[PDB]
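Chains here go by letter, A, B and C, matching the order in which they are written, and residues are numbered from 1 within each.
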Amino acid sequence: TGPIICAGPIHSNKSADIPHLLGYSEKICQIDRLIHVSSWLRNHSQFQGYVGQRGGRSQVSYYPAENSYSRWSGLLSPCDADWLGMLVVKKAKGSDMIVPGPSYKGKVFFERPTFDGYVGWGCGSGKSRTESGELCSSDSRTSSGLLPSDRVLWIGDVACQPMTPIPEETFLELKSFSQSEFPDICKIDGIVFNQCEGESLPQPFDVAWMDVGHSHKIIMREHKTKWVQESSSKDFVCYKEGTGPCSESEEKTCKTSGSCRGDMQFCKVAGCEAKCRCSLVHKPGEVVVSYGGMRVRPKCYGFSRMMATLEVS
Amino acid sequence: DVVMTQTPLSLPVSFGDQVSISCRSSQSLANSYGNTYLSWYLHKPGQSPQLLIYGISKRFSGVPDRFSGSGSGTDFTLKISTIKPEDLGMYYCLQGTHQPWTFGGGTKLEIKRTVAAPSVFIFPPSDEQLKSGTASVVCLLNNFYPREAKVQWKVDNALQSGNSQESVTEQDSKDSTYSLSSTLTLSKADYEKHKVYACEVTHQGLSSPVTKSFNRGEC
Amino acid sequence: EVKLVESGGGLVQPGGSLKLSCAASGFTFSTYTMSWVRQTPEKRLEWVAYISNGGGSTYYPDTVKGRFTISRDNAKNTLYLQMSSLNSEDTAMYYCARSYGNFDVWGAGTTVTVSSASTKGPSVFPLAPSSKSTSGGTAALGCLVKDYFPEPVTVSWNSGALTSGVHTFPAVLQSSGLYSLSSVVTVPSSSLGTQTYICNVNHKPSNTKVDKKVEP
């Protein structure tokens, strides 16, 4: 669809470090260049190099090819929120089930929302998944370490954002509604969701889910969506024309002092007047979910595949 | 794909018996999470397949405690501790751990009884059917047990080939017997070129093969 | 109660098409993956097609991949199997099922018969008794219900009075493509001259009803 701040990365050496950038726009310019999945792959699976070469994040493979929230460059994926500190894409475990559907063959990284959070799978350097995804066989097309972005697969239609934390009573109220709505479900991804005197084995479960910032997610069938825009400082990226993201020192000056160029919308809330320029991020805004008479701004809203267990009694 | 072989294919059973149905898989039905999606189904005549056991050993609810599964890896087994009439039918094992999912060959739980003897009966083709150019010689095996019986056709002592068809009635509700009909189909040409038509029957209940024959030229 | 009811089964012509509908009731259809299972006349069950709950994922075995298309409208809680490029090897009772390695709920099934034959009337010939069909006072006679299509035929003897030992054999699909079966009955030899034996065959698809006097 196009990037937020920075065009696709053109890396030189796989051994080059990952300079961690605190500046928000700088953190999003890494996200545009998949420097975050690059880090995760390194931090969690002996991966030497980067993902996203030439293509960038705008080229990551999404399992639901009909991915709606991907067309919006500014809607954050699970991984993209891992870089900003909203969710940790936990490394997989022998018990974290890989969902069927995605063409895993050749993937270097892939990720899926799980009922209790987010889980990713990495392959080591010069390695790539099998068609089932549970091993990392050899792949001569991965020796470079400067791998394409198609080698990154993000499972599910997912949108992440700053969440209004909800009283825990709400969550439990929501979990109670999710249980009356989904009585057949006994477990989701290994997390108890109801009680059954007879449970069938794990089963693919395409479900609209929601992260309200609590233990598990709130899975949904009858729910309403609606998008907003707070025009807050996190919905605006800052950049120096031609030279990429503005420094952290320049950004705060832009988004506080108001002595910076910018789009209409920035100007109309922050101010304007060689210099730094800030703009809006490409997104409908913040997703608000109506559910069981209550609306909640989720940390992440989305429709994704999960492995769940249904009753037999 | 994962070939599910089901032993036995046919299983004579008496009520009160405990019967075992074994299902052996070409490959290991343990995926990479230790989950094994092997399930046993009951298909009674004229009804829908019913889930009995899923996940090797877990009983579907509504299924009596007499059904039990067990196993790991390649060979899996369904176990009915006490057969009741409502359990007769075709039993199928099914994977689901690998695609494509594959059912097993099936196990017919049939009623075991005392070995009967085939009342054999051979019928020449009717004049009416010969007027239509075709001749069907019907050899009847009536009321026998077990099901496994052998029918051979001898047309002028010439063992017939590709010229026969078999039909076995399901097990009788009143005396647990099977009846079998072998239809030898020839053209009126081939029928009028030969004289002696014989159906010889081999069966457990026959001490000697029963040869039932008819000479075309006789009423 | 969990109920699946299939619909759309019937005669189709080879290469032709037929779509099967599975109506789902008694459960939350959109939270179950569902699948279609067929039973060949040799009682072999085969996995046919599978579909996720939200219809986004489907799977098929290569035997019916590219020829069949599974689909489901959770809105109407109905599962669908569009069958194209049908062959006599697609002759089966197709069941829909709640799915994922455990078909815990099956539909009643719907018979799909792929055969280029056309509804033909049965030819009932007498399988008359003789000395070679008499053993220990019991004589056997019957009827040959030959060259008919499609199934089924209903064969009663003596308008239905004869149930003592009447054996109606399963139909056999010959190479000609037409079904054929025998109905037989064993009777006292004393009756052969004193009792009439008439098999009553009804073939509803062809509107054929034939009463045949099977006697010496």
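Methods note: a contact is a pair of C-beta atoms (placed from the backbone, for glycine too) under 8 Å apart; a residue touches a chain by one contact, two chains touch by 3 or more.
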Chain at the geometric heart of the assembly (C-alpha centres): C
Centroid comparison with subunit A (C-alpha atoms), farthest chain: B
Interface with more contacting C-beta pairs, comparing A-B to A-C: A-C
Separation of mean Cα positions, subunit C and subunit B [Å, integer]: 17
Separation of subunit A from subunit B, taking each centre as the mean of its C-alpha atoms, in whole Å: 57
Gap in Å, rounded to a whole number, between the CA centres of subunit C and subunit A: 53
Residue numbers of subunit B (touch at least two other chains): 37, 51, 54-55, 60
Overlap residues in subunit C, where contacts from two or more other chains coincide: 100-102, 104
Subunit A, residues touching no fewer than two other chains: 200-202, 312
Residues of subunit A that touch subunit C when the two form their complex: 64, 66, 100-101, 182-185, 200-207, 221, 303, 305, 310, 312
Residues of subunit B defined as touching subunit A within the complex: 32-33, 35-37, 51, 54-55, 58-62
Residues of subunit C that touch subunit A when the two form their complex: 27-28, 30-33, 52-54, 56-57, 99-102, 104
Residues of subunit A that touch subunit B when the two form their complex: 94-95, 97-98, 132, 134, 197-202, 312-313
Residues of subunit B that touch subunit C when the two form their complex: 1, 37-39, 41, 43, 47-51, 54-55, 60, 90, 92, 94-97, 99-103, 105-106, 108, 119-126, 128-129, 132, 134, 136, 138, 140, 142-143, 165-170, 179, 181, 183, 185, 212-214, 219
